[PDB]
Amino acid sequence: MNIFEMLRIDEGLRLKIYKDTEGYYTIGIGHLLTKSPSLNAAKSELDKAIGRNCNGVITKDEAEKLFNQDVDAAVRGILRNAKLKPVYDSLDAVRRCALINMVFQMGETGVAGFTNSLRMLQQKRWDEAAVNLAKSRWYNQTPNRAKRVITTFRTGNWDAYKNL
């Protein structure tokens, strides 16, 4: 299992503009287009993102291209971030994927706000950090996904994703 397979389990694939769990306009593999309520603003962002007139619909190909960019940007964002970088560097390969997943879903900023959990992951206090991470809007709003990510940080292996 790798970062791409993991994220694709968590996000799914949709070739037509759709709404987030949050109500936001998205397409592909969890590629947020706009936080704006107009389908029209969304369509315009889409065409800007793809470089063609899409009419709200993309190919598999375009979906994966957006996904490759998004994953690359998540990793780079982690590496550029003073709060995230040290935790990332301290982690093993599997747990590194769990942090990338959080950043993809919630952005650098959002994750950098989980101060206490970050501290615990650095210290390698896996059980404590899993309990702390669960105490969040994130967990309450998307509990099945948060629990997969959380188990991943807890165990250091891919079992949460075996099932799936």
# chains A, B, ... in the order shown; residues from 1 in each chain; ligands from 1
>>> residues_around(residues="stretch 139-145 of chain A", least_positions_apart="3", cutoff="12 Å", atoms="only C-alpha atoms", output="MDAnalysis selection string")
chainID A and resid 6:12 20:22 98 101:102 105:106 130:136 148:152 160:161 164
>>> select_by_dssp(residues="stretch 3-132 of chain A", states="strand (DSSP E or B)", output="VMD selection string")
chain A and resid 14 to 19 25 to 28 31 to 34 57
>>> select_by_dssp(residues="chain A", states="alpha helix (DSSP H)", output="number ranges by chain")
A: 3-11, 39-50, 60-80, 84-90, 93-112, 115-122, 126-133, 137-141, 143-155, 160-163
>>> residues_around(residues="stretch 116-126 of chain A", least_positions_apart="2", cutoff="10 Å", atoms="only C-alpha atoms", output="PyMOL selection string")
chain A and resi 83-84+86-91+95+99+111-114+128-134+150-156
>>> write_last_selection(atoms="N, CA, C and O atoms", output="CSV table (one decimal), in the first residue's frame")
chain,number,residue,atom,x,y,z
A,83,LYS,N,6.4,23.8,11.7
A,83,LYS,CA,5.8,23.0,12.6
A,83,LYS,C,5.7,21.6,12.2
A,83,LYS,O,5.7,20.7,13.0
A,84,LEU,N,5.5,21.3,10.9
A,84,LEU,CA,5.2,20.0,10.4
A,84,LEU,C,6.5,19.2,10.1
A,84,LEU,O,6.5,18.0,10.3
A,86,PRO,N,9.5,18.9,11.4
A,86,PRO,CA,10.1,18.1,12.4
A,86,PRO,C,9.4,16.9,12.8
A,86,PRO,O,10.0,15.8,13.1
A,87,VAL,N,8.1,16.9,12.7
A,87,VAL,CA,7.3,15.7,13.1
A,87,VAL,C,7.5,14.7,11.9
A,87,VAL,O,7.8,13.5,12.2
A,88,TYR,N,7.3,15.1,10.7
A,88,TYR,CA,7.5,14.3,9.5
A,88,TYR,C,8.8,13.6,9.5
A,88,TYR,O,8.9,12.4,9.3
A,89,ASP,N,9.9,14.3,9.7
A,89,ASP,CA,11.2,13.8,9.8
A,89,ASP,C,11.4,12.7,10.9
A,89,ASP,O,12.2,11.8,10.7
A,90,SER,N,10.6,12.9,12.0
A,90,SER,CA,10.8,12.0,13.1
A,90,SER,C,10.1,10.7,12.8
A,90,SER,O,10.3,9.7,13.6
A,91,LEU,N,9.1,10.6,11.9
A,91,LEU,CA,8.3,9.5,11.7
A,91,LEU,C,8.8,8.4,10.8
A,91,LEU,O,9.6,8.7,9.9
A,95,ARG,N,3.7,5.9,9.1
A,95,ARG,CA,3.1,7.1,9.8
A,95,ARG,C,3.2,8.3,9.0
A,95,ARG,O,2.4,9.2,9.1
A,99,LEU,N,0.3,11.4,8.1
A,99,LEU,CA,0.4,12.8,8.2
A,99,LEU,C,0.1,13.4,6.9
A,99,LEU,O,-0.6,14.5,6.8
A,111,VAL,N,-3.7,21.2,10.1
A,111,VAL,CA,-2.9,20.2,10.8
A,111,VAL,C,-2.0,20.8,11.8
A,111,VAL,O,-1.8,20.3,12.9
A,112,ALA,N,-1.3,21.9,11.3
A,112,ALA,CA,-0.4,22.6,12.2
A,112,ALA,C,-1.0,23.1,13.5
A,112,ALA,O,-0.4,23.3,14.5
A,113,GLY,N,-2.4,23.2,13.5
A,113,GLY,CA,-3.1,23.5,14.6
A,113,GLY,C,-3.3,22.4,15.7
A,113,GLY,O,-3.7,22.6,16.8
A,114,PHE,N,-2.9,21.2,15.3
A,114,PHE,CA,-3.1,20.1,16.3
A,114,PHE,C,-1.8,20.0,17.1
A,114,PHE,O,-1.2,18.9,17.3
A,128,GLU,N,-1.3,7.7,23.3
A,128,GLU,CA,-1.7,9.0,23.8
A,128,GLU,C,-2.2,9.9,22.7
A,128,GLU,O,-3.1,10.6,22.8
A,129,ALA,N,-1.4,9.9,21.6
A,129,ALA,CA,-1.7,10.8,20.5
A,129,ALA,C,-3.0,10.4,19.8
A,129,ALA,O,-3.7,11.3,19.4
A,130,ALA,N,-3.3,9.1,19.7
A,130,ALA,CA,-4.5,8.6,19.1
A,130,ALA,C,-5.8,9.0,19.9
A,130,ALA,O,-6.8,9.4,19.3
A,131,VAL,N,-5.7,9.0,21.2
A,131,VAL,CA,-6.8,9.5,22.0
A,131,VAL,C,-7.0,11.0,21.8
A,131,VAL,O,-8.1,11.5,21.7
A,132,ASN,N,-5.8,11.8,21.8
A,132,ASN,CA,-5.9,13.3,21.6
A,132,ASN,C,-6.4,13.7,20.2
A,132,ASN,O,-7.2,14.6,20.0
A,133,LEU,N,-6.0,13.0,19.2
A,133,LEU,CA,-6.5,13.3,17.8
A,133,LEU,C,-8.0,13.2,17.7
A,133,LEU,O,-8.6,13.8,16.9
A,134,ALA,N,-8.6,12.2,18.4
A,134,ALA,CA,-10.0,11.8,18.4
A,134,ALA,C,-10.9,12.9,19.0
A,134,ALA,O,-12.1,13.0,18.7
A,150,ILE,N,-6.1,7.5,12.3
A,150,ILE,CA,-5.7,7.4,13.7
A,150,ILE,C,-5.1,6.0,14.0
A,150,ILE,O,-4.1,5.8,14.7
A,151,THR,N,-5.8,4.9,13.5
A,151,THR,CA,-5.2,3.6,13.7
A,151,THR,C,-3.9,3.4,13.1
A,151,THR,O,-3.0,2.7,13.6
A,152,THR,N,-3.7,4.1,11.9
A,152,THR,CA,-2.5,4.0,11.2
A,152,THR,C,-1.3,4.6,12.1
A,152,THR,O,-0.2,4.1,12.1
A,153,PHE,N,-1.6,5.8,12.8
A,153,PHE,CA,-0.6,6.4,13.6
A,153,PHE,C,-0.4,5.5,14.9
A,153,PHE,O,0.7,5.5,15.4
A,154,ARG,N,-1.5,4.9,15.3
A,154,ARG,CA,-1.4,4.0,16.5
A,154,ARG,C,-0.4,2.8,16.3
A,154,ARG,O,0.4,2.5,17.1
A,155,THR,N,-0.6,2.1,15.1
A,155,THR,CA,0.0,0.9,14.8
A,155,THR,C,1.2,1.0,14.0
A,155,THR,O,2.1,0.2,14.0
A,156,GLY,N,1.3,1.9,13.1
A,156,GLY,CA,2.4,1.9,12.2
A,156,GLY,C,2.3,0.9,11.1
A,156,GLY,O,3.3,0.7,10.4
>>> closest_residue(among="A:82, A:66, A:54, A:3", to="residue A:32", atoms="only C-alpha atoms")
A:66
>>> closest_residue(among="A:45, A:5, A:127, A:70", to="residue A:97", atoms="only C-alpha atoms")
A:5
>>> atom_distance(atom1="atom CA of residue A:138", atom2="atom CA of residue A:26")
18.4 Å
>>> atom_distance(atom1="atom CA of residue A:14", atom2="atom CA of residue A:67")
12.0 Å
>>> closest_residue(among="A:94, A:73, A:17, A:29", to="residue A:56", atoms="only C-alpha atoms")
A:17
>>> atom_distance(atom1="atom CA of residue A:24", atom2="atom CA of residue A:46")
13.3 Å
>>> residues_around(residues="residue A:76", least_positions_apart="2", cutoff="12 Å", atoms="only C-alpha atoms", output="short mmCIF file (atom, residue, chain, number, x, y, z; two decimals) with N, CA and C atoms, in the first residue's frame")
data_model
loop_
_atom_site.label_atom_id
_atom_site.label_comp_id
_atom_site.auth_asym_id
_atom_site.auth_seq_id
_atom_site.Cartn_x
_atom_site.Cartn_y
_atom_site.Cartn_z
N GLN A 69 -0.57 16.23 -8.67
CA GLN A 69 -0.19 17.58 -8.22
C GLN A 69 -0.49 17.80 -6.76
N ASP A 70 -1.70 17.37 -6.34
CA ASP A 70 -2.12 17.59 -4.98
C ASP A 70 -1.25 16.91 -3.95
N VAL A 71 -0.88 15.64 -4.24
CA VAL A 71 -0.02 14.85 -3.34
C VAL A 71 1.38 15.53 -3.23
N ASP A 72 1.96 15.87 -4.39
CA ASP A 72 3.23 16.59 -4.44
C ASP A 72 3.17 17.88 -3.60
N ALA A 73 2.09 18.66 -3.73
CA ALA A 73 1.98 19.89 -3.00
C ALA A 73 1.84 19.66 -1.50
N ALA A 74 1.12 18.59 -1.13
CA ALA A 74 0.96 18.24 0.30
C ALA A 74 2.34 17.95 0.93
N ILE A 78 4.33 20.19 3.83
CA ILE A 78 4.85 19.61 5.04
C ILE A 78 6.33 20.02 5.24
N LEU A 79 7.15 19.84 4.17
CA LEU A 79 8.61 20.05 4.20
C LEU A 79 8.99 21.48 4.39
N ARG A 80 8.08 22.40 4.06
CA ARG A 80 8.25 23.86 4.13
C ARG A 80 7.71 24.42 5.43
N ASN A 81 6.99 23.59 6.12
CA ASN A 81 6.35 24.07 7.30
C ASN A 81 7.16 23.83 8.56
N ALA A 82 7.43 24.89 9.32
CA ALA A 82 8.27 24.79 10.55
C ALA A 82 7.67 23.93 11.64
N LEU A 84 5.48 21.33 10.87
CA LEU A 84 5.21 20.00 10.36
C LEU A 84 6.46 19.19 10.05
N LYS A 85 7.44 19.85 9.49
CA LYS A 85 8.68 19.23 9.08
C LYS A 85 9.36 18.37 10.14
N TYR A 88 7.32 15.12 10.67
CA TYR A 88 7.49 14.32 9.48
C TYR A 88 8.83 13.59 9.48
N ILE A 100 0.58 12.85 5.86
CA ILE A 100 0.29 13.40 4.50
C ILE A 100 -1.26 13.43 4.23
N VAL A 103 -2.93 16.31 5.96
CA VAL A 103 -2.61 17.56 5.25
C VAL A 103 -3.40 17.71 3.96
N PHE A 104 -3.56 16.62 3.19
CA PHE A 104 -4.36 16.59 1.99
C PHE A 104 -5.81 16.99 2.29
N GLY A 107 -5.46 20.66 4.91
CA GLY A 107 -4.48 21.72 4.66
C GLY A 107 -3.46 21.83 5.82
N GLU A 108 -2.28 22.36 5.49
CA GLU A 108 -1.09 22.57 6.32
C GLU A 108 -1.49 23.27 7.59
#
